[PDB]
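Structure first, then comments.
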Amino acid sequence: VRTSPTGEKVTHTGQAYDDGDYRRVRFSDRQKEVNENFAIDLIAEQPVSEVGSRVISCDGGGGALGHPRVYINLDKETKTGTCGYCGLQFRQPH
Amino acid sequence: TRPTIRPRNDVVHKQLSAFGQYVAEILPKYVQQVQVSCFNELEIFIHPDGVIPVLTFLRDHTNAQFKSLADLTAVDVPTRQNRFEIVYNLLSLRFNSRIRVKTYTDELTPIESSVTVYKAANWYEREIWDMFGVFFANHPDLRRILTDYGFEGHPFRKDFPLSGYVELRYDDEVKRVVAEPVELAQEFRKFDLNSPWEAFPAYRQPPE
Amino acid sequence: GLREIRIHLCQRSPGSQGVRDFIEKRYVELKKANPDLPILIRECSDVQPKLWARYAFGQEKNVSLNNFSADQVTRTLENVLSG
Amino acid sequence: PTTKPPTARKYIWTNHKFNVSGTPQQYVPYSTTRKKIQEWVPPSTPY
Amino acid sequence: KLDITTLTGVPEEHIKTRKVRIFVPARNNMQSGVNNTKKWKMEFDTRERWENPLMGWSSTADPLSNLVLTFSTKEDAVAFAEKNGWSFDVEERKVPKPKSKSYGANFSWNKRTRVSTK
Amino acid sequence: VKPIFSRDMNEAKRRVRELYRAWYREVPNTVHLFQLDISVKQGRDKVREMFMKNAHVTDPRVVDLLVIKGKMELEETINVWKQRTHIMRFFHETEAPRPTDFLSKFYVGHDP
Amino acid sequence: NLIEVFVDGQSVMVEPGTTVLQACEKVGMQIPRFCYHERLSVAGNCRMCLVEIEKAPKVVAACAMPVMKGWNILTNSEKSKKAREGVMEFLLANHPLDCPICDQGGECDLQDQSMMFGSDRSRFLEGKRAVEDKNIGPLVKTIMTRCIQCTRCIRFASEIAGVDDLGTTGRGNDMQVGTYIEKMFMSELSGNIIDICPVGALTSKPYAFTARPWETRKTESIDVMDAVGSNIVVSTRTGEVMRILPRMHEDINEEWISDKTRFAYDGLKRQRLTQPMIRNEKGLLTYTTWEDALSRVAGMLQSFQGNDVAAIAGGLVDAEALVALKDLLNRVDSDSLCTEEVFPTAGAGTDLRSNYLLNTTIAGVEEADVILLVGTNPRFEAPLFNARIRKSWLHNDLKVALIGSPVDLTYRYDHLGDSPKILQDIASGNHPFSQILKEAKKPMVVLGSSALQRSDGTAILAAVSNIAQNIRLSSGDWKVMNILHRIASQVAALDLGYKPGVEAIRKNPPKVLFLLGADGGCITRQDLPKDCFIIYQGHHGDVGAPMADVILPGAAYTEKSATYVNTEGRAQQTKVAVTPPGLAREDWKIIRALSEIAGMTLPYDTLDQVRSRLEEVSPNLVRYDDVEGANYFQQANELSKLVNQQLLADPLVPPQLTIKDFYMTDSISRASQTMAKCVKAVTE
Ligand code: SF4
Ligand code: SF4
Ligand code: FES
């Protein structure tokens with residue numbers, strides 16, 4: 001969560017009010033509600049799982065409590081397979 | 001067997017068809033078409049002139065005693081020249097059956113009031129006049145119900161926008177609630193949901 | 001001073017037959033005589049043939065050419081040129 | 001909760017905040033999307 | 001010469017300054033279905049939409065922005081537009097022209113229609 | 001065509017004149033009862049303006065329906081069904097003037 | 001020889017060779033399809049077209065089965081419904097559960113056809129397959145696990161695009177669609193594969209994740225990037241343009257649009273002129289009110305008259321603004337209204353419409369037997385015209401020859417040469433190709449506007465006219481002379497009397513020059529008088545804007561309803577999709593307001609009145625979707641011979657020789673980030 005030149009806290013979307021913008025007045029004696037937790041950083045932090053099969057399935061964890069089950073091809077050595085929903089990454093060993 | 005599908009009762013279908021033919025024969029002057037839906041509902045289509053005569057026939061026992069006007073309403077189909085389809089729903093408690101009589105009108109053509117026959121059509125016809133633009137002649141008191149006292153347009157007309165043309169707010173300058181042109185802060189998002197593929201082949205209209 | 005002349009004719013209408021004849025026969029000579037004068041030939045549908053003469057500063061006048069023989073159209077165009 | 005503790009997640013707040021309406025911490029709505037249309041920046045040279 | 005403009009209750013600005021388009025909606029090229037190309041549609045002219053200062057939501061002042069009507073035939077839509085006194089523009093229906101399809105042509109002996117891959 | 005109340009334009013004009021008489025006499029009573037701050041002349045001018053707005057009608061049925069709507073509005077005003085807000089809505093006091101010249105519309109906004 | 005067949009008991013008369021699917025279409029029944037596209041060839045792989053023919057044990061593929069007389073097509077029999085259910089189950093067995101994240105969701109043929117002709121549950125209790133995704137370029141996002149192997153993309157690339165780079169590798173359930181190597185599918189019509197693909201396997205990268213189908217509002221409009229006049233649907237949500245989708249016009253664009261048309265809308269979001277700008281004392285443009293800038297330009301307009309005031313019209317301007325500016329300048333007695341494209345003035349010039357129109361309409365190409373292209377690369381200058389040429393080449397065995405630099409037009413052609421002298425050889429009859437033209441029953445000759453833009457354009461036009469006249473002498477309804485324009489505004493400007501080319505401004509430098517979206521750069525301040533007052537009215541500030549004293553914000557084609565005439569002479573009107581940005585206003589309104597301020601008010605005050613003025617100037621402009629035209633080749637050819645210009649020896653070279661040139665050719669395209677990315681992809 002970086003801070004913009006005006007002193008506002010830039011959101012995860014990247015939204016920050018420019019010095020020219022008059023809409024910054026809305027926070028004059030109030031606060032701008034920004035979620036400190038950023039999805040991109042946390043998803044990056046997760047370790048990459050290494051699986052020995054060409055295709056693996058991600059349900060998001062918790063079965064029916066997660067996301068629709070999808071099968072990911074891991075043939076490409078260069079790039080890890082990434083779940084469309086979960087965002088977790090997998091790659092074949094070696 | 002076939003648990004999902006609705007059970008069909010042919011007996012009621014035959015009875016309703018027979019009674020529809022009965023009505024068509026007794027009043028050929030006004031009835032144009034009678035059809036029985038496959039959910040066992042009977043509709044008699046009448047010329048606009050026949051509302052009072054056909055309804056009076058239905059109420060009085062020519063083997064039919066529909067003495068309760070379930071509801072009266074109109075359906076605005078702009079395509080048709082007579083854009084308004086007046087619909088009467090009647091209930092016969094003696095024979096525990098319900099039939100529907102439908103007629104058509106234009107914006108400029110009056111239709112006779114049925115307050116004489118049923119007496120529950122006063123408010124229904126007033127609502128039809130207020131929302132749709134139909135005028136019922138010889139009505140005891142035709143005025144607006146369900147719309148604002150100064151409302152100008154006729155809603156429910158398929159031309160009227162859902163949000164209308166005017167909006168109300170309180171103005172300190174005039175110390176009064178004042179109407180103004182509608183200005184939505186979030187325009188109603190029109191969703192095009194119809195699928196490009198036909199769903200029911202049974203109702204496929206002829207290519208023409 | 002003429003700045004441009006517009007001739008509007010219907011392709012198949014009987015009224016535009018004379019204008020079509022003038023175009024087929026006399027237009028090349030007209031363009032030769034007036035090399036730099038813009039004579040724009042355009043097609044009009046289900047309306048009477050007309051001649052538009054844009055003069056200096058944008059003043060324009062239109063003369064109906066409906067059911068005019070080629071000679072009549074030539075006379076009208078020459079009169080416009082002469083002014 | 002003492003008998004059955006809630007699942008521990010990092011994102012979950014550690015300090016619960018009461019309703020903050022009428023206070024400097026009150027939520028203020030704002031757009032979360034960037035400017036859609038970008039205008040031309042006139043050249044800084046005279047010509 | 002039917003005119004319901006006085007009775008409709010529409011304000012004069014929308015009656016006079018609005019152009020209504022009568023058309024058969026074109027098929028969404030993303031899909032091969034043609035069921036949504038079988039009825040004429042009447043749609044009003046687009047007008048200004050601006051962003052709400054508070055939230056950025058698209059705001060409008062056009063009462064008929066979302067108003068769309070379906071008509072079985074072009075003549076009925078024209079009649080409705082004339083009766084309501086809206087200036088109308090009618091775009092003629094576009095129908096896919098008949099095509100000649102031959103699977104055998106894919107394997108022609110001498111023509112260029114032969115397909116390199118199946 | 002079936003006549004709503006009048007078979008010809010002259011009869012509809014007679015009905016319109018009767019309605020105009022009714023409104024013209026009602027106007028002072030409206031100013032008194034609704035405690036409106038407009039003058040009687042102002043209200044009667046507004047009545048004339050409302051009548052003149054539909055002066056272009058040439059069809060008897062449309063005129064008859066307009067007279068019916070006007071009679072309903074008059075009944076509302078004669079009773080106190082309409083409030084001072086409804087009566088004063090005919091005078092668009094809150095709404096700002098909207099320029100009709102081409103240049104002013106061009107300056108103000110994209111509206112045609 | 002129509003034969004009688006029955007569809008569900010209804011008699012339909014169909015020509016021999018009609019497929020069962022088309023016979024059903026005759027009665028209104030649309031047989032479910034996944035792999036069949038009418039534009040493309042028949043494949044039969046999908047197997048969803050299976051239907052039952054009465055008294056026939058085996059169901060037939062409606063797409064690939066020619067009807068036989070007396071056949072009764074039972075389109076709703078139990079067998080047909082069961083076949084559809086089984087094929088749908090097989091299609092969905094290995095399909096990924098990506099619908100919530102699939103862009104095609106809400107507009108997916110698989111989804112709708114499953115909801116209409118398929119079962120509501122899955123019996124598949126095994127693991128699904130996954131396919132490694134292929135990279136085919138910066139425009140098409142590929143998720144191949146969603147592929148249903150319909151082969152539509154391969155057949156499209158082979159037949160329409162002409163690029164045989166997409167194919168199937170492997171066999172069985174492991175069969176995969178895509179270049180075996182790391183090749184990139186580059187073509188003008190590549191984006192159309194996104195539209196053609198039934199599933200969201202191939203999707204637009206620029207449009208990825210932006211919106212869902214139901215939200216979007218669709219506005220039918222015409223493209224302005226090229227003179228083809230392709231009909232398009234502008235999809236807008238919440239007042240923002242989301243994508244451009246092709247609209248079917250069999251005559252102009254069948255169902256396809258060029259990559260520039262499809263993906264150049266992103267430019268409209270960048271480098272926009274949103275406020276009036278006036279030069280300050282330092283010489284730096286500053287935002288000003290409408291009144292101030294209009295008054296300044298009005299004072300300049302009042303000060304000068306005649307040749308002192310000049311106008312240059314860009315490629316993207318509209319007919320209404322053209323007529324408004326023409327009238328305004330004429331009131332100051334200035335006829336120096338110039339387009340940025342040069343058309344030979346000598347001879348009839350703009351006087352005769354046939355002279356500067358593609359007389360043989362784009363549809364006509366199919367009927368033609370021989371096409372001679374002179375100094376034009378139709379693939380990049382007019383992609384859909386080249387696509388039509390390839391269609392005729394593939395189906396009607398059209399013979400194509402090119403006089404110009406050797407270029408890849410996606411179809412085999414005879415390269416006569418690049419020297420302009422060859423036209424003289426064809427006209428004289430020495431060249432062997434002249435005999436081919438003489439024998440040709442329906443010959444066609446196309447001269448690109450780019451070739452006319454050369455110094456020797458007049459001589460080139462005269463030589464091509466000589467070729468056409470010789471053809472006519474040897475052997476009507478058919479028109480053999482055509483010019484292919486590459487700028488949208490050119491045809492309308494010539495119809496309105498705008499002088500082709502900027503030569504007049506070059507001859508007589510104007511004190512006040514009004515640039516109507518003129519970003520070409522043909523005329524610059526150095527050419528003009530030192531104190532020249534330059535007014536720029538345009539959507540983007542690319543070249544003309546930076547060199548203008550007064551900048552008047554104007555609308556774009558998406559933001560206004562305007563008449564643009566295509567190369568064929570057909571006039572089509574765009575419709576408003578979004579409001580002009582900021583303080584920008586419609587161009588004709590700007591011209592009219594300047595007229596009012598300057599004391600010469602143009603008669604029109606509404607768009608309809610401006611169209612009426614257009615009807616006055618040129619009746620055809622207001623006749624929308626009409627290409628009737630007129631033949632005046634005799635008079636134009638007679639006028640051409642009067643002058644004898646000699647063509648220069650420089651070889652005919654199209655301005656665009658490779659796909660890199662195509663991407664950025666106008667202000668909107670140049671502003672677009674996507675086009676820049678495509679240019680980087682092709683170059684690097
Ligand atoms: S990528 Fe799409 S168009 Fe190509 S074969 Fe697969 S499903 Fe068909
Ligand atoms: S294209 Fe495939 S993933 Fe996308 S909605 Fe259709 S079936 Fe689902
Ligand atoms: S495309 Fe489905 S069987 Fe031919």
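Residues are referred to by chain and number: the chain letter is A, B, ... according to the order shown in the structure tokens, the number counts from 1 in that chain, and ligands are numbered separately from 1 in the order shown.
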
Go through chain F residue by residue and, counting only C-alpha atoms, keep those with an atom at most 12 Å from chain E; for each kept residue give the shortest atom pair and its distance in Å to one decimal, ordered by chain and increasing number, as a Markdown table.
```
| residue | atom | partner | partner_atom | distance |
| --- | --- | --- | --- | --- |
| F:1 | CA | E:2 | CA | 11.6 |
| F:50 | CA | E:6 | CA | 11.3 |
| F:51 | CA | E:6 | CA | 11.4 |
| F:52 | CA | E:6 | CA | 11.7 |
| F:53 | CA | E:6 | CA | 8.8 |
| F:54 | CA | E:6 | CA | 6.6 |
| F:55 | CA | E:6 | CA | 10.0 |
| F:56 | CA | E:6 | CA | 9.4 |
| F:57 | CA | E:6 | CA | 8.1 |
| F:58 | CA | E:3 | CA | 9.1 |
| F:59 | CA | E:2 | CA | 8.0 |
| F:60 | CA | E:2 | CA | 11.1 |
| F:61 | CA | E:4 | CA | 10.3 |
| F:62 | CA | E:4 | CA | 7.4 |
| F:63 | CA | E:6 | CA | 9.3 |
| F:64 | CA | E:7 | CA | 10.8 |
| F:65 | CA | E:7 | CA | 7.8 |
| F:66 | CA | E:7 | CA | 7.0 |
| F:67 | CA | E:7 | CA | 10.8 |
| F:68 | CA | E:7 | CA | 10.9 |
| F:69 | CA | E:7 | CA | 9.0 |
| F:70 | CA | E:7 | CA | 11.3 |
| F:98 | CA | E:13 | CA | 11.1 |
| F:100 | CA | E:13 | CA | 10.8 |
| F:109 | CA | E:48 | CA | 8.6 |
| F:110 | CA | E:48 | CA | 6.8 |
| F:111 | CA | E:47 | CA | 6.9 |
| F:112 | CA | E:17 | CA | 6.7 |
```

Residues from the last selection, N, CA, C and O atoms, saved as a short mmCIF file (atom, residue, chain, number, x, y, z; two decimals), in the first residue's frame:
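Here's the written file again27.cif:
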```cif
data_model
loop_
_atom_site.label_atom_id
_atom_site.label_comp_id
_atom_site.auth_asym_id
_atom_site.auth_seq_id
_atom_site.Cartn_x
_atom_site.Cartn_y
_atom_site.Cartn_z
N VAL F 1 -64.76 5.12 -37.01
CA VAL F 1 -64.51 5.96 -35.84
C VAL F 1 -65.79 6.15 -35.04
O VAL F 1 -66.84 6.46 -35.59
N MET F 50 -52.31 26.91 -20.89
CA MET F 50 -52.57 25.47 -20.95
C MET F 50 -53.57 25.13 -22.04
O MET F 50 -53.42 24.13 -22.74
N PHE F 51 -54.62 25.95 -22.19
CA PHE F 51 -55.56 25.73 -23.29
C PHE F 51 -54.88 25.93 -24.64
O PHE F 51 -55.12 25.16 -25.58
N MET F 52 -54.04 26.96 -24.76
CA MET F 52 -53.40 27.25 -26.03
C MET F 52 -52.39 26.19 -26.42
O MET F 52 -52.13 25.99 -27.62
N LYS F 53 -51.79 25.50 -25.45
CA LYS F 53 -50.79 24.49 -25.77
C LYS F 53 -51.35 23.44 -26.71
O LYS F 53 -50.67 22.98 -27.63
N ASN F 54 -52.61 23.05 -26.51
CA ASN F 54 -53.27 22.03 -27.32
C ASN F 54 -54.18 22.64 -28.37
O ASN F 54 -55.10 21.96 -28.86
N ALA F 55 -53.96 23.90 -28.74
CA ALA F 55 -54.79 24.57 -29.73
C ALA F 55 -54.62 24.01 -31.13
O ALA F 55 -55.43 24.32 -32.01
N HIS F 56 -53.59 23.20 -31.37
CA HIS F 56 -53.35 22.65 -32.70
C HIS F 56 -54.18 21.41 -33.00
O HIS F 56 -54.17 20.94 -34.14
N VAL F 57 -54.89 20.86 -32.01
CA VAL F 57 -55.63 19.62 -32.22
C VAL F 57 -56.71 19.84 -33.26
O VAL F 57 -57.44 20.83 -33.23
N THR F 58 -56.81 18.90 -34.20
CA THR F 58 -57.81 18.97 -35.26
C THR F 58 -58.74 17.76 -35.28
O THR F 58 -59.60 17.68 -36.17
N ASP F 59 -58.60 16.83 -34.34
CA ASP F 59 -59.42 15.63 -34.30
C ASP F 59 -60.42 15.72 -33.16
O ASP F 59 -60.03 15.99 -32.02
N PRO F 60 -61.71 15.50 -33.43
CA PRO F 60 -62.71 15.68 -32.36
C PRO F 60 -62.51 14.78 -31.16
O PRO F 60 -62.73 15.22 -30.02
N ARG F 61 -62.10 13.53 -31.37
CA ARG F 61 -61.94 12.61 -30.25
C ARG F 61 -60.81 13.04 -29.33
O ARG F 61 -60.93 12.95 -28.10
N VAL F 62 -59.69 13.49 -29.90
CA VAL F 62 -58.59 13.97 -29.08
C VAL F 62 -59.03 15.17 -28.26
O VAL F 62 -58.69 15.29 -27.08
N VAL F 63 -59.79 16.08 -28.87
CA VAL F 63 -60.27 17.25 -28.15
C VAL F 63 -61.20 16.83 -27.01
O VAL F 63 -61.15 17.38 -25.91
N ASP F 64 -62.08 15.85 -27.27
CA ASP F 64 -62.98 15.39 -26.22
C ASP F 64 -62.22 14.77 -25.07
O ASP F 64 -62.53 15.02 -23.90
N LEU F 65 -61.21 13.95 -25.37
CA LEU F 65 -60.41 13.35 -24.30
C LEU F 65 -59.64 14.41 -23.52
O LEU F 65 -59.51 14.32 -22.30
N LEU F 66 -59.13 15.42 -24.22
CA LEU F 66 -58.46 16.52 -23.54
C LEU F 66 -59.42 17.26 -22.61
O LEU F 66 -59.05 17.65 -21.50
N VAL F 67 -60.66 17.47 -23.07
CA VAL F 67 -61.65 18.12 -22.22
C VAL F 67 -61.96 17.26 -21.00
O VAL F 67 -62.16 17.77 -19.90
N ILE F 68 -62.00 15.94 -21.18
CA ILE F 68 -62.22 15.05 -20.05
C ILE F 68 -61.09 15.18 -19.03
O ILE F 68 -61.33 15.29 -17.82
N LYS F 69 -59.84 15.18 -19.51
CA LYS F 69 -58.71 15.33 -18.60
C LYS F 69 -58.75 16.68 -17.89
O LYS F 69 -58.46 16.77 -16.69
N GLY F 70 -59.09 17.73 -18.62
CA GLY F 70 -59.21 19.04 -18.01
C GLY F 70 -60.30 19.10 -16.96
O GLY F 70 -60.14 19.75 -15.93
N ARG F 98 -34.37 27.69 -19.91
CA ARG F 98 -33.58 26.91 -20.85
C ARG F 98 -33.46 27.67 -22.16
O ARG F 98 -34.48 27.88 -22.83
N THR F 100 -33.19 28.70 -25.97
CA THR F 100 -33.65 28.02 -27.17
C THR F 100 -32.86 28.42 -28.42
O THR F 100 -33.00 27.76 -29.45
N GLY F 109 -24.40 22.55 -23.72
CA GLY F 109 -24.25 21.10 -23.69
C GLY F 109 -24.40 20.48 -25.06
O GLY F 109 -24.66 21.15 -26.06
N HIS F 110 -24.24 19.16 -25.08
CA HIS F 110 -24.31 18.36 -26.30
C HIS F 110 -25.74 18.12 -26.77
O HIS F 110 -25.92 17.55 -27.85
N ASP F 111 -26.73 18.52 -25.99
CA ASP F 111 -28.11 18.23 -26.34
C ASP F 111 -28.48 18.89 -27.66
O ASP F 111 -28.12 20.05 -27.90
N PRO F 112 -29.18 18.19 -28.56
CA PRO F 112 -29.63 18.73 -29.85
C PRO F 112 -30.59 19.90 -29.68
O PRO F 112 -31.26 19.98 -28.66
#
```

Hey, which residues come within 10 Å of ligand 1 if we count only C-alpha atoms and all ligand atoms? Could you give them as a PDB file with C-alpha atoms, in the first residue's frame?
```
ATOM      1  CA  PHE G  34     -21.014 -25.628 -33.880  1.00  0.00           C
ATOM      2  CA  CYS G  35     -18.635 -26.229 -36.792  1.00  0.00           C
ATOM      3  CA  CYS G  46     -18.898 -31.013 -34.843  1.00  0.00           C
ATOM      4  CA  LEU G 110     -21.939 -23.898 -26.233  1.00  0.00           C
ATOM      5  CA  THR G 142      -5.854 -18.084 -26.289  1.00  0.00           C
ATOM      6  CA  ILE G 143      -7.225 -20.507 -23.716  1.00  0.00           C
ATOM      7  CA  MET G 144      -7.143 -23.726 -25.718  1.00  0.00           C
ATOM      8  CA  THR G 145      -8.634 -25.940 -23.005  1.00  0.00           C
ATOM      9  CA  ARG G 146     -11.962 -24.399 -24.048  1.00  0.00           C
ATOM     10  CA  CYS G 147     -11.452 -25.486 -27.678  1.00  0.00           C
ATOM     11  CA  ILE G 148     -14.063 -27.829 -29.141  1.00  0.00           C
ATOM     12  CA  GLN G 149     -12.016 -28.614 -32.294  1.00  0.00           C
ATOM     13  CA  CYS G 150     -14.668 -27.169 -34.594  1.00  0.00           C
ATOM     14  CA  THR G 151     -11.806 -26.196 -36.962  1.00  0.00           C
ATOM     15  CA  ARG G 152     -13.531 -22.886 -37.756  1.00  0.00           C
ATOM     16  CA  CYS G 153     -10.328 -20.925 -37.124  1.00  0.00           C
ATOM     17  CA  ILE G 154      -8.244 -23.159 -39.404  1.00  0.00           C
ATOM     18  CA  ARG G 155     -10.736 -23.019 -42.261  1.00  0.00           C
ATOM     19  CA  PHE G 156     -11.118 -19.259 -41.839  1.00  0.00           C
ATOM     20  CA  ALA G 157      -7.357 -18.696 -41.862  1.00  0.00           C
ATOM     21  CA  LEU G 166      -3.275 -22.575 -38.037  1.00  0.00           C
ATOM     22  CA  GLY G 167      -3.889 -26.317 -38.085  1.00  0.00           C
ATOM     23  CA  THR G 168      -4.524 -29.440 -36.038  1.00  0.00           C
ATOM     24  CA  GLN G 176      -4.783 -29.678 -30.658  1.00  0.00           C
ATOM     25  CA  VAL G 177      -5.453 -26.600 -32.787  1.00  0.00           C
ATOM     26  CA  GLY G 178      -2.675 -24.035 -33.298  1.00  0.00           C
ATOM     27  CA  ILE G 193     -11.234 -15.589 -35.641  1.00  0.00           C
ATOM     28  CA  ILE G 194     -12.292 -14.271 -32.235  1.00  0.00           C
ATOM     29  CA  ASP G 195     -15.795 -13.723 -33.617  1.00  0.00           C
ATOM     30  CA  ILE G 196     -15.877 -16.985 -35.580  1.00  0.00           C
ATOM     31  CA  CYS G 197     -14.794 -19.205 -32.689  1.00  0.00           C
ATOM     32  CA  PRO G 198     -17.927 -20.740 -31.096  1.00  0.00           C
ATOM     33  CA  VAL G 199     -16.259 -21.002 -27.673  1.00  0.00           C
ATOM     34  CA  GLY G 200     -14.136 -18.546 -25.722  1.00  0.00           C
ATOM     35  CA  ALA G 201     -10.951 -20.383 -26.628  1.00  0.00           C
ATOM     36  CA  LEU G 202      -9.921 -17.430 -28.815  1.00  0.00           C
ATOM     37  CA  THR G 203     -10.776 -14.068 -27.265  1.00  0.00           C
TER      38      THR G 203
END
```

| task | Please report as a ChimeraX atom specification which residues of chain E come no farther than 10 Å from chain G, using only C-alpha atoms. | result | /E:17,21,23,25-35,45-51,56-60,66,91-92,94-106,111-118

Handout entry: Expected answer as a list in words: chain F residues within 7 Å of chain G, only C-alpha atoms
Key = residues 102, 103, 107 and 110 of chain F

Take the residues from that selection and put them in a file with C-alpha atoms, as an mmCIF file, in the first residue's frame.
```
data_model
loop_
_atom_site.group_PDB
_atom_site.id
_atom_site.type_symbol
_atom_site.label_atom_id
_atom_site.label_comp_id
_atom_site.auth_asym_id
_atom_site.auth_seq_id
_atom_site.Cartn_x
_atom_site.Cartn_y
_atom_site.Cartn_z
ATOM 1 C CA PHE F 102 -28.709 27.649 -31.303
ATOM 2 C CA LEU F 103 -25.623 29.326 -29.844
ATOM 3 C CA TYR F 107 -22.420 26.486 -25.417
ATOM 4 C CA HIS F 110 -24.310 18.364 -26.298
#
```

Handout entry: Neighbours of chain G in chain B at 10 Å, counting only C-alpha atoms, as a ChimeraX atom specification
Key = /B:186-202,204-208

Mind dumping the selected residues with C-alpha atoms as a PDB file, in the first residue's frame?
```
ATOM      1  CA  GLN B 186     -27.189   5.945 -12.009  1.00  0.00           C
ATOM      2  CA  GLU B 187     -28.973   5.331 -15.308  1.00  0.00           C
ATOM      3  CA  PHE B 188     -30.917   2.073 -15.292  1.00  0.00           C
ATOM      4  CA  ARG B 189     -28.650  -0.446 -17.003  1.00  0.00           C
ATOM      5  CA  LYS B 190     -30.611  -2.072 -19.827  1.00  0.00           C
ATOM      6  CA  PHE B 191     -29.673  -5.752 -20.071  1.00  0.00           C
ATOM      7  CA  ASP B 192     -30.185  -7.638 -23.343  1.00  0.00           C
ATOM      8  CA  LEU B 193     -30.861 -11.126 -21.992  1.00  0.00           C
ATOM      9  CA  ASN B 194     -32.721 -12.830 -24.853  1.00  0.00           C
ATOM     10  CA  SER B 195     -30.696 -15.701 -26.272  1.00  0.00           C
ATOM     11  CA  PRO B 196     -30.014 -15.912 -30.028  1.00  0.00           C
ATOM     12  CA  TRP B 197     -31.241 -19.529 -30.064  1.00  0.00           C
ATOM     13  CA  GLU B 198     -34.884 -20.575 -30.134  1.00  0.00           C
ATOM     14  CA  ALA B 199     -36.068 -22.212 -26.915  1.00  0.00           C
ATOM     15  CA  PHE B 200     -39.556 -23.516 -27.786  1.00  0.00           C
ATOM     16  CA  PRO B 201     -39.985 -24.983 -31.292  1.00  0.00           C
ATOM     17  CA  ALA B 202     -43.715 -25.438 -30.671  1.00  0.00           C
ATOM     18  CA  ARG B 204     -42.152 -21.022 -33.898  1.00  0.00           C
ATOM     19  CA  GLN B 205     -43.924 -18.384 -35.956  1.00  0.00           C
ATOM     20  CA  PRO B 206     -44.175 -19.000 -39.717  1.00  0.00           C
ATOM     21  CA  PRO B 207     -41.228 -17.611 -41.701  1.00  0.00           C
ATOM     22  CA  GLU B 208     -43.512 -15.577 -43.968  1.00  0.00           C
TER      23      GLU B 208
END
```

Please tabulate, as a Markdown table, the residues of chain A that come within 12 Å of ligand 2, each with its closest pair of atoms and the distance in Å to one decimal, counting only C-alpha atoms and all ligand atoms and ordering rows by chain, then residue number upward.
```
| residue | atom | partner | partner_atom_place_in_ligand_line | distance |
| --- | --- | --- | --- | --- |
| A:68 | CA | ligand 2 | 3 (S) | 11.6 |
| A:70 | CA | ligand 2 | 3 (S) | 10.6 |
| A:84 | CA | ligand 2 | 3 (S) | 11.4 |
```

- Message: Contacts from chain B to chain E, 9 Å maximum, only C-alpha atoms: show me the residue list as a PyMOL selection string.
- Response: chain B and resi 77-81+107-108+133+151-154+158-166+181-190+194-198

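Picture a line from CA of residue 106 (chain F) to CA of residue 299 (chain G); it runs 19.2 Å.
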
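Proximity of G:332, G:647, G:208, G:241 to chain C, computed with only C-alpha atoms, is greatest for G:332.
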
Q) Do you know which residues are at most 9 Å from residue 132 (chain B) counting only C-alpha atoms, after dropping those on the same chain fewer than 3 positions away, and could you put them as a list in words? A) residues 74, 75, 76, 84, 107, 127, 128, 129, 135, 154, 155, 156 and 157 of chain B

Q: Could you find all residues in chain C that DSSP calls strand (DSSP E) from the backbone, and write them as a ChimeraX atom specification?
A: /C:4-9,39-43,50-54,60-64

| query | If you count only C-alpha atoms, which residues fall within 8 Å of residue 51 (chain C), apart from same-chain ones fewer than 4 positions away, as number ranges by chain? | reply | C: 5-8, 62-65

Do you know which residues are at most 9 Å from region 71-80 of chain A counting only C-alpha atoms, after dropping those on the same chain fewer than 5 positions away, and could you put them as a PyMOL selection string? (chain A and resi 48+51+53-58+89-92+94) or (chain G and resi 96-97+127-133+145)

Q. Chain A residues within 12 Å of chain E, counting only C-alpha atoms: which ones, as a PyMOL selection string?
A. chain A and resi 21-26

(Q) Give me, as a ChimeraX atom specification, the residues of chain D touching chain A, with the criterion being at most 12 Å (counting only C-alpha atoms). (A) /D:10-13,20-35
